[PDB]
Amino acid sequence: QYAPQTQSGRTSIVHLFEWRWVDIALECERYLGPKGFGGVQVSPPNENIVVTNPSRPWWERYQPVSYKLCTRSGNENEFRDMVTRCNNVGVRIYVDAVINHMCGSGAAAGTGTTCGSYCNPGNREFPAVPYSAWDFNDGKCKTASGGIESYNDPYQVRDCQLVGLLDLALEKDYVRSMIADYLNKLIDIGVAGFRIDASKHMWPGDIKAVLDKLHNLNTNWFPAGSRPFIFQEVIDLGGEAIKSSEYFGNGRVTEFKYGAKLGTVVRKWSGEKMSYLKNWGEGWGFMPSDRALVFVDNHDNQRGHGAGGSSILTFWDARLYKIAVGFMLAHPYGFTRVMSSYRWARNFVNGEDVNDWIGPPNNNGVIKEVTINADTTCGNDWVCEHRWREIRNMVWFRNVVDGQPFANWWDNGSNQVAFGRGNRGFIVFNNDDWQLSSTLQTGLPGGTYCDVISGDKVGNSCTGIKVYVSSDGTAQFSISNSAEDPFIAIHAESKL
Ligand SMILES: C[C@H]1O[C@H](O[C@H]2[C@H](O)[C@@H](O)[C@@H](O)O[C@@H]2CO)[C@H](O)[C@@H](O)[C@@H]1N[C@H]1C=C(CO)[C@@H](O[C@H]2O[C@H](CO)[C@@H](O[C@H]3O[C@H](C)[C@@H](N[C@H]4C=C(CO)[C@@H](O)[C@H](O)[C@H]4O)[C@H](O)[C@H]3O)[C@H](O)[C@H]2O)[C@H](O)[C@H]1O
Ligand SMILES: *[C@H]1O[C@H](CO)[C@@H](O[C@H]2O[C@H](CO)[C@@H](O)[C@H](O)[C@H]2O)[C@H](O)[C@H]1O
Ligand SMILES: [Ca+2]
Ligand SMILES: [Cl-]
Ligand SMILES: [Cl-]
Ligand SMILES: [Cl-]
Ligand SMILES: [Cl-]
């Protein structure tokens, strides 16, 4: 469950948050395949309740009403087409599996659902699965309200309702089997693995019991005997009762400490400095690298949901975000996930974005297609960070340097740092309020290399900055603190 099952040599996934299946299929073919991306995390593909107040928020997709593959992203045929087309160009599909719960316990009964299935939340009836009251944890929960009152009590976190959502009785083989049947349908379609939503809210052994029922991956695209990649969403910043490590036996775990601490460092908040990153990884108290799924931001915390707070860097802070994403994609720690977002109208009231519910770009609730501009950006308010040169080229960097060790660290004792990956790549950052002008050991063979942050190698030449590396492996890096992108990255495949 720990191996990502990407094509050999492909080292990242992108979250194409709220994208439609046909757009992802096209994106695999025209972009992600050719640009070396390993895979796509998709939004929940199972039927959800329609939320009309507020009007179609993103988060309605975390309120399941059946396991039918029919959502605002598309129907089952479109989903299958996507998985087929993406796998056929070497880009894997990872599903966001919403398995801890069904919809809100206070929701109305009816067929206000994305495929038209009936449900009666008050009576715990989901006939399209089917589930009945017997399949939920209302009895087992010991709080007066039926909700989680204290994260200090692991029983309540797992057995009570998370924000009022009906909590499935994951101890029951019936429930485990209903979930496995859904996940196995997806595996047989060709999905490579799963993000297990809300894993903190399930017992590790209940998750294990579900995972033990799972098929091997489809041999049209994977070697025989391949197990699905599992990454469990567990928020554990270091000060609550439930630990990430409780989940290591099932697969990887999201390391939320990563983006929280990196954001603080890059923002230079709380006295933090980039020079402190020399021992990034387990030296910062993180989980083992071979258990970690890492990311700068995710779909929750880029809009103030989940955890990390204001330190989280996002596309709204584009300059610093590119620096953080670049550091992450260069550093060997973890398996990397890059976010791909949409814009929304933020409205901060006493520090809270009261528009944090706004759903994807839409015409009257119908999700807009992703249009591609001549300059390779996207229209219709899709941000497409994974198309930014500075991020795409660092996705390629990580593939180029795969397997090479952290090497040749340098810092100025403040916020200028550099390091390499064996003899195959080197990166240099200036996050101080003054000039960087230093001659550094890169670990690379002598030659002239294209800086892949400012440009590209195009045939015989570089379209941006060029770095001349001496025969001894040293090079000067000159980066102004007023630079648009105050970091430079070179690697073996950017050499002229
Ligand atoms: C969002 C994450 O929440 C939890 O994280 C905790 C940390 O665990 C903790 O250490 C600390 O950092 O606080 C964090 C935030 O509280 C959780 O551990 C983590 O898994 C979460 N991310 C996962 C999980 C979910 C669930 O699938 C996603 O949550 C999102 O979707 C929710 C469902 O739509 C959305 O909630 C909306 O709907 C519910 C129903 C509503 N509650 C009202 C309704 C009912 C009855 O119907 C009443 O009984 C309730 O009392 C009412 O409040 C919410 O108000 C509404 O917003 C939620 O906001 C949204 O984040 C998440 O996307 C996943 O990644
Ligand atoms: C300076 O560096 C340290 C790591 O050397 C950062 O501390 C991190 O590591 C410890 C390890 O347990 C953890 O307890 C801290 O919360 C984490 O930040 C400091 O923050 C840097 O100031
Ligand atoms: Ca639960
Ligand atoms: Cl249970
Ligand atoms: Cl357990
Ligand atoms: Cl097999
Ligand atoms: Cl996540």
Side-chain angles (χ1 to χ4, degrees), residues 15 17-18 41 43-44 46 48-51 53-54 56-65 96-109 119 121-122 124 135-138 140-141 143 145-152 154-172 175 179 195-210 231-250 253-254 256-257 260 295 297-309 312 339 353-354 356-359:
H15 187 16
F17 178 53
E18 293 268 13
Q41 179 184 312
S43 288
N46 67 289
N48 58 269
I49 206 177
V50 171
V51 175
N53 179 12
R56 315 306 301 272
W58 61 270
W59 49 249
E60 69 167 45
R61 296 189 73 161
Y62 293 95
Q63 293 192 47
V65 297
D96 196 343
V98 185
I99 65 167
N100 171 69
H101 53 267
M102 304 298 283
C103 67
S105 59
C119 59
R124 305 191 171 205
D135 298 318
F136 296 90
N137 271 158
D138 309 299
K140 171 182 208 74
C141 176
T143 61
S145 62
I148 304 172
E149 301 177 3
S150 177
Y151 274 80
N152 203 54
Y155 286 91
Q156 70 185 262
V157 177
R158 276 57 179 263
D159 298 340
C160 301
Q161 296 174 353
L162 168 64
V163 295
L165 297 164
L166 291 166
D167 203 59
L168 282 165
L170 256 291
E171 66 187 336
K172 295 186 51 168
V175 171
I179 295 163
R195 173 202 184 252
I196 309 298
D197 177 69
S199 287
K200 186 178 201 178
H201 299 280
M202 292 176 290
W203 294 98
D206 290 340
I207 298 172
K208 185 185 189 273
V210 170
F231 51 109
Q232 292 159 107
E233 184 224 18
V234 180
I235 298 175
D236 166 21
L237 294 180
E240 284 177 355
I242 294 163
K243 295 192 165 208
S244 282
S245 63
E246 293 176 39
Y247 296 84
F248 290 169
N250 295 332
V253 184
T254 50
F256 280 89
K257 293 170 177 180
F295 47 98
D297 58 332
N298 81 342
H299 70 278
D300 285 330
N301 66 18
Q302 70 171 194
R303 45 175 47 67
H305 286 241
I312 296 297
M339 183 58 199
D353 179 6
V354 302
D356 64 0
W357 61 265
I358 291 174

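Here, residue 1 is the first one in the sequence, and each next residue gets the next number. Atoms within each ligand, like the ligands themselves, are counted from 1 in listed order. Computed over heavy atoms, backbone and side chain alike; hydrogens, waters and symmetry mates excluded.
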List every atom of ligand 1 that sits less than 4.0 Å from any heavy atom of [X], numbering the atoms from 1 in the order shown and giving each element.
{"X": "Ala307", "value": "12 (O)"}
{"X": "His201", "value": "17 (C), 18 (O), 20 (O)"}
{"X": "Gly104", "value": "47 (O)"}
{"X": "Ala198", "value": "20 (O)"}
{"X": "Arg195", "value": "64 (C), 65 (O)"}
{"X": "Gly164", "value": "49 (O)"}
{"X": "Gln63", "value": "33 (C), 34 (O), 38 (O), 40 (C)"}

Listed partners of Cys160 passing disulfide bond (SG atoms under 2.5 Å apart), at least two apart: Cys141
Heavy atoms only, cut-off 4.0 Å: how does [X] contact ligand 1, side chain, backbone, both, or neither?
{"X": "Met202", "answer": "neither"}
{"X": "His101", "answer": "side chain"}
{"X": "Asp300", "answer": "side chain"}

Among all protein non-hydrogen atoms, which one is nearest to [atom], and what is the separation to 0.1 Å?
{"atom": "atom 7 (C) of ligand 1", "result": "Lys200 NZ, 3.8 Å"}
{"atom": "atom 4 (C) of ligand 1", "result": "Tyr151 OH, 4.0 Å"}
{"atom": "atom 47 (O) of ligand 1", "result": "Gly106 N, 3.0 Å"}
{"atom": "atom 11 (C) of ligand 1", "result": "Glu240 OE2, 4.1 Å"}
{"atom": "atom 15 (C) of ligand 1", "result": "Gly306 O, 3.8 Å"}
{"atom": "atom 24 (C) of ligand 1", "result": "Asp197 OD1, 3.3 Å"}
{"atom": "atom 59 (O) of ligand 1", "result": "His305 CE1, 3.3 Å"}
{"atom": "atom 29 (O) of ligand 1", "result": "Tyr62 CB, 4.5 Å"}

Quick one: [atom1] on [X] to [atom2] on [Y], what's the gap to the nearest 0.5 Å?
{"X": "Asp297", "Y": "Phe256", "atom1": "CG", "atom2": "CZ", "result": "10.5 Å"}
{"X": "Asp300", "Y": "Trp58", "atom1": "CG", "atom2": "CH2", "result": "4.5 Å"}
{"X": "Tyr155", "Y": "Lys140", "atom1": "OH", "atom2": "NZ", "result": "9.0 Å"}
{"X": "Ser105", "Y": "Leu165", "atom1": "OG", "atom2": "CG", "result": "7.5 Å"}
{"X": "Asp206", "Y": "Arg158", "atom1": "CG", "atom2": "CZ", "result": "9.5 Å"}

Step through the shown structure and confirm whether more than 12 heavy atoms of other residues, nucleotides or ligands are within 6.0 Å of NZ on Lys243. no
Can you check whether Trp58 has an N/O within less than 3.5 Å of an N/O in ligand 1? no
Under 3.5 Å between any N/O of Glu60 and any N/O of ligand 1: does that happen in this structure? no
Listed partners of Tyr151 passing side chain to side chain contact (heavy atoms under 4.5 Å, CB included), at least two apart: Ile148, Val157, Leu162, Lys200, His201, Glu240
Applying side chain to side chain contact (heavy atoms under 4.5 Å, CB included) between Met202 and each of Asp167, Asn250, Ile99, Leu168, report the one that passes. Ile99
Of the choices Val163, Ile235, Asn100, which has the non-hydrogen atom that lies closest to atom 52 (C) of ligand 1? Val163
Identify which of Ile99, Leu162, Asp236 has a heavy atom lying nearest to atom 3 (O) of ligand 1. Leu162
Does the side chain of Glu18 come within less than 4.5 Å of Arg61's, by heavy atoms? yes
Taking the side chain as every heavy atom from C-beta outward, state whether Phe136 and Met102 have any pair of such atoms under 4.5 Å apart. yes
Please report the closest heavy-atom contact between [X] and [Y], naming both atoms and the distance.
{"X": "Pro121", "Y": "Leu166", "answer": "O-CD1, 3.7 Å"}
{"X": "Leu237", "Y": "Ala307", "answer": "CD1-CB, 4.1 Å"}
{"X": "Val210", "Y": "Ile179", "answer": "CG1-CG2, 3.9 Å"}
{"X": "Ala169", "Y": "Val175", "answer": "O-CB, 3.4 Å"}

Ignoring water, what protein N, O or S atoms are under 3.0 Å from the Ca ion (ligand 3)? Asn100 OD1, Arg158 O, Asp167 OD1, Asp167 OD2, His201 O
Nearest protein heavy atom to atom 18 (O) of ligand 1: under 4.0 Å? yes
Give a yes or no on whether atom 55 (O) of ligand 1 lies under 4.0 Å from any heavy atom of the protein. no
Taking only residues two or more places apart in sequence or in another chain, which ones pass ring pair (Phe, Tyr, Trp, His ring centres under 6.0 Å) with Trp357? none
Ring centroids only, cut at 6.0 angstrom: are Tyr62 and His299 within range, meaning strictly under it? yes
Answer yes or no for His299: is there a heavy-atom contact with ligand 1 below 4.0 Å? yes
Check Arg303 with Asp353, please: is the shortest side-chain N to carboxylate O separation under 4.0 Å? no
